[PDB]
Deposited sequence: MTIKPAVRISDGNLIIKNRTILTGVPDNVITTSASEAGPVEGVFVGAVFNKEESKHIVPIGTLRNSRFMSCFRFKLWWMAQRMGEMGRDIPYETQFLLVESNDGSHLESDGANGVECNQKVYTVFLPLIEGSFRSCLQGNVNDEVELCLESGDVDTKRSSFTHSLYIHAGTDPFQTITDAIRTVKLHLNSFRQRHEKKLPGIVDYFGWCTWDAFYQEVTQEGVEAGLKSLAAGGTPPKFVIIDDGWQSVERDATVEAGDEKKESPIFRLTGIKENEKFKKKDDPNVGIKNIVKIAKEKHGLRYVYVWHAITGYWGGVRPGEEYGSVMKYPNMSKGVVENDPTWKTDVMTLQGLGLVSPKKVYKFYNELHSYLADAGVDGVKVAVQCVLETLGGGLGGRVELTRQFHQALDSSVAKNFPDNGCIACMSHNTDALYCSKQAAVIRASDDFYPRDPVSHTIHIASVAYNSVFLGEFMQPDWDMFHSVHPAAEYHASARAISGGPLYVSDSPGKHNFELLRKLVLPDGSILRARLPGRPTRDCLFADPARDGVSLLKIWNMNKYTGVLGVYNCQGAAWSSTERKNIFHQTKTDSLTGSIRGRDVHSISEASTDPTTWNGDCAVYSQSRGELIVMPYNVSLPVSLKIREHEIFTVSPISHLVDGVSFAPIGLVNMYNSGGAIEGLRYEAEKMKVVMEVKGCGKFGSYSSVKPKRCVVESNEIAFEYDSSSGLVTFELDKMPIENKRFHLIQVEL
């Protein structure tokens, strides 16, 4: 077929990937769909137990990259050559045999959830768990899926499709409705006030940002608005669905969060208002009580999580427990909550603490069946009450939840932005890129909030710009960098969102740019008519396998050199108006240096960077109109994702004309191999500059497109 087991070996296009597959491991190419290009894998065991480890075979001398849970809530990256290097809790694994790429998807099957892990003998072990000592099983047929192909990202997509067609319990990213917040700049209260947020806090924040010319059009009222109590650092539990004191106008206390929602929308011009809540109500769940059938439960410890995060064994939540709402009443709980919120004008929720459900499998059906039931009810309640699909999933990097991700369309792709922890910044940019390789198959990644005023602001902000996801800050009011923010946000609060999850280049997939001391991390994305490439140095910090937390670690040179090729933007062909006849030549524009460079296909351009430095490049395919006349739009050169502005593009070779639809305002740049005769913006000739040495054509779009008539129409005549 292409992937087979014969002898005791796993073979993929005649390369031996695994040796010593034990005889009880069985393959099958049947879903109901039904023949299938890769292979499903499970095993038969002697006894009917609620857990199994089972070697799959022995990995040696094949580069792999993995996404593995280093906390319960979150994944990050790990590269190796050998089985022993594969961490506990590995949820996805990609393997390069050297040309050919292979993906391993441990899956949910019935009431069980797989992940991978390695042992010291270099075996890849599958780990099946029901997370409920009463749900037990002896055989498994479809608990890992393996599939190969020649394009690493296409390989991943095809494999997720195939898993989707087996399970029918989720939708791929591209098939879900994104909520409208992804198109606008936002503000999150969380880093501004933490749990001490108030409604006066909210207003001040929306005011200062609008003052500086970059207005948020959404806001996330983060953890802090809910009514909660300790029992009587002890844990808080939800006492009501309605807002605490800080969100009732100080005058008519019967008016609640409706007040701040109105202030934000009518007074400060926001389109969307989102609020935070745990999947379980609050951190300690809901106060035990017959209303929602709430009952104290204690997180069960699974071996792999505890192995990577030892501190989870003594977390507030583990030791003090949570009031878990009953599955029978969980819809009721979310509907009552969300109906209150929505009928107050709230458009969406940011749903945190999602992974706990896996630990509360209790006597309730297990990790998979309880995660399902809660997610089914959350969705129903979201589709009823926030029907722009206003769900942001946070702290949910388990396959329990990803494989029943049917509706929700936006996922935080890492652990939090930490303004005060200097260790975190490089790790953030790496965890976000690597997890988006796999998380972006399901939901649109969210690179999380950041500070415009921070030593690492431009580092974080460039990443946000090229992430594909919502762009927001969590600034405290008045502490803003609007020179910075205008590179991301147009006068009306819109952004230049790229189309895909921001991901590492083919080049970077198997080299760990946090740990190897040698490579720069290159992130790629696409717009309609350009690509875009971020280059970062994210070296010298990472999750330690020994210390089991984020540490700094030693780094040899200060400055690393890599290189950039147009083809590093993996899908750059899609931006060409004529892919059949395109030679591969790209206009590359260094957004930070201000320089335009023509890059023939093949040709490299070196890039040097110290730790925490970055460079963003817009990559536009060059169109050859006639011999000597070549063109490629850049977009808005003083914005990070400059190419996000070009909504339309057409070449008229017969008349020597480029016609463009450009959104936004500010300086517009293009590469032209000859000086233009004219540039025209809405039927009016305009002033432009040309640098004959580089090709750079430049003029000013002075104002936002007028109307109600969304784009500037620009003709360039050559």
Exercise. What residue ranges of the deposited sequence are absent from the coordinates?
Worked result: 1 to 4, 103 to 119, 254 to 263
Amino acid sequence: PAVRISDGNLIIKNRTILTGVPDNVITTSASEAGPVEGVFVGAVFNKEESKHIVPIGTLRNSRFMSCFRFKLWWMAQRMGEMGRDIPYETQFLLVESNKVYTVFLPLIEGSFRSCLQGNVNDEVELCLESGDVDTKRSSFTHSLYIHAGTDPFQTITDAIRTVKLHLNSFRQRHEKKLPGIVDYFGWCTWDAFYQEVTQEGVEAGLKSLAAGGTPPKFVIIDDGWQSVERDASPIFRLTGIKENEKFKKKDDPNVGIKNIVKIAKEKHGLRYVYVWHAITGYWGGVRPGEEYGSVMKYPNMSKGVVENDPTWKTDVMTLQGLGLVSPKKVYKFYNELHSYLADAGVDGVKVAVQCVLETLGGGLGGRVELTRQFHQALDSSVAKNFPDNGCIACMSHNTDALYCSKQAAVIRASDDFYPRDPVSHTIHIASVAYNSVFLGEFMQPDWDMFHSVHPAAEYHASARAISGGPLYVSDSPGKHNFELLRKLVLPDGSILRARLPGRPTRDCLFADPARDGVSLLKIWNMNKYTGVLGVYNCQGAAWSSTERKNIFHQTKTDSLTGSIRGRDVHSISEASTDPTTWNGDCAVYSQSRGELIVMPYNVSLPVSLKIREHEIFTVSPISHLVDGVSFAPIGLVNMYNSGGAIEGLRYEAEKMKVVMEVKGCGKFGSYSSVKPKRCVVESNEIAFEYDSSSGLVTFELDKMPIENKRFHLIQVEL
From here on, numbers count along this sequence of modelled residues.
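The term rigid core refers to the most C-alpha atoms you can superpose between the two forms while keeping them within 1.5 Å.
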Seminar exercise, completed: Per-stretch CA RMS vs shown form in 4 other deposited structures of this protein, rigid core as reference, larger of 179 to 187/361 to 369 is 361 to 369
Problem set entry | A232 not built in a third or more of the other entries | yes
For this session: Select between 523 to 531 and 105 to 113 the stretch whose C-alpha atoms have the higher average B-factor in the entry.
Result: 105 to 113
Problem set entry | Comparing 115 to 123 with 440 to 448, the one whose average Cα B-factor in the PDB entry is higher | 115 to 123
Seminar exercise, completed: Note to self: of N435, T155, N638, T371, the C-alpha temperature factor tops out at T371
Exercise. What's the residue among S302, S642, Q172, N385 with the greatest CA temperature factor in the PDB record?
Worked result: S302
Problem set entry | Relative C-alpha B-factor of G38, binned into the chain's lowest, middle or highest third | middle
Seminar exercise, completed: Of the three thirds of the chain ranked by Cα temperature factor, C679 occupies the middle
For this session: Place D191 in the lowest, middle or highest third of its chain's C-alpha B-factors, as listed in the PDB entry.
Result: lowest
Exercise. Mind checking which third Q91 falls in for C-alpha B-factor across the chain?
Worked result: middle
For this session: Check where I572 lands among this chain's C-alpha B-factors and tell me if it's the lowest, middle or highest third.
Result: lowest
